[PDB]
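Starting off, we have a lone chain in the form deposited in one PDB entry, written out as structure tokens.
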């Protein structure tokens, strides 16, 4: 069976043993792509972690799990959710990771209005993560507000690498159709070989998400909106009156159809709009735990 082959392959990269021997008090906090995310306690230290458990028999692309456990293990960056361990518990792959108590960014963009200082803080954090990640040939391929987690004190970390991939000098592009439809880049939906630039476009969409509270064509069906992204010009902000010229100039360097002229993360780190970025304390009030 291909299933047992995949189990045995995971045993070569997964941490040995049973995690249920030092983790307890599972509190379900997330669902989705046939994988539940729980909060757990570490018996040794009492610290809290997040455990993503994915059933291997219910996956459209099992290989991506591979990616997530291989690319992200030993990865350390202040703006990236750190993975500590991974385990194979029966037919379930468990990923043990840092627990972000502040929740996701979607919860903020659907309930409140963010200012340009906070938007610039979020973007600076995401771009600092992305410059390193792309320098190592890692493409997140699912940049959206759901993939942004926060601490209680307002620190921003990138998360949900379940679609990520790696490119090299030998293999510099991907051709798979992954991501969430409304955030996908034009070259990606157009079945074109793409590189890290798709992460920039998606970041741009998230900026729209932080301005308008939703991505473009959110009302349309997924495939219809994907065709619209494929054919139409770069989408324009609905709440265009609320954004400063600096933010519009920043966003224009992100939502470029041609990936060759789309700005890179390293370039965007030099943009003046990110000077508006505030400290994590500026994100503290946006949190749901208050307001």
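Positions refer to the first chain, counted from 1. Superpose the two forms; the largest set of C-alphas matching within 1.5 Å is the rigid core.
Below: the form solved in complex with a partner chain, not depicted.
In the deposited bound form, no heavy atom of residue 44 sits within 4.5 Å of the partner chain. At least one heavy atom of residue 60 is located within 4.5 Å of the partner chain in the deposited bound form. Contact check for residue 177: a heavy atom falls within 4.5 Å of the partner chain in the deposited bound form. Among residues of the shown chain, residue 64 is one whose heavy atoms approach the partner chain to within 4.5 Å in the deposited bound form. Partner contacts here mean any heavy atom within 4.5 Å of the partner chain in the deposited bound form, and among 195-203, 73-81, 95-103, 136-144 they occur only in 136-144.
With the partner removed from view, the residue among 33, 244, 232, 239 that has a non-hydrogen atom within 4.5 Å of the partner chain in the deposited bound form turns out to be 33. Shown without its partner, this chain lists 184, 150, 122, 207 as candidates; in the deposited bound form, only 184 has a non-hydrogen atom within 4.5 angstroms of the partner chain. In a core superposition between this form and the one not shown, the Cα of 71 is the only one among 114, 71, 97, 189 shifting by 2 Å or more. In the core-superposed comparison between this form and the one not shown, residue 43 has its Cα shifted by at least 2 Å. With the core held fixed, residue 222 shows a CA shift below 2 Å between this form and the one not shown. After superposition on the rigid core, displacement of the C-alpha of residue 244 between this form and the one not shown stays below 2 Å.
Closer approach of the C-alpha atoms of residue 146 and residue 32, by 3 angstroms or more, is seen in the deposited bound form than in the present form.
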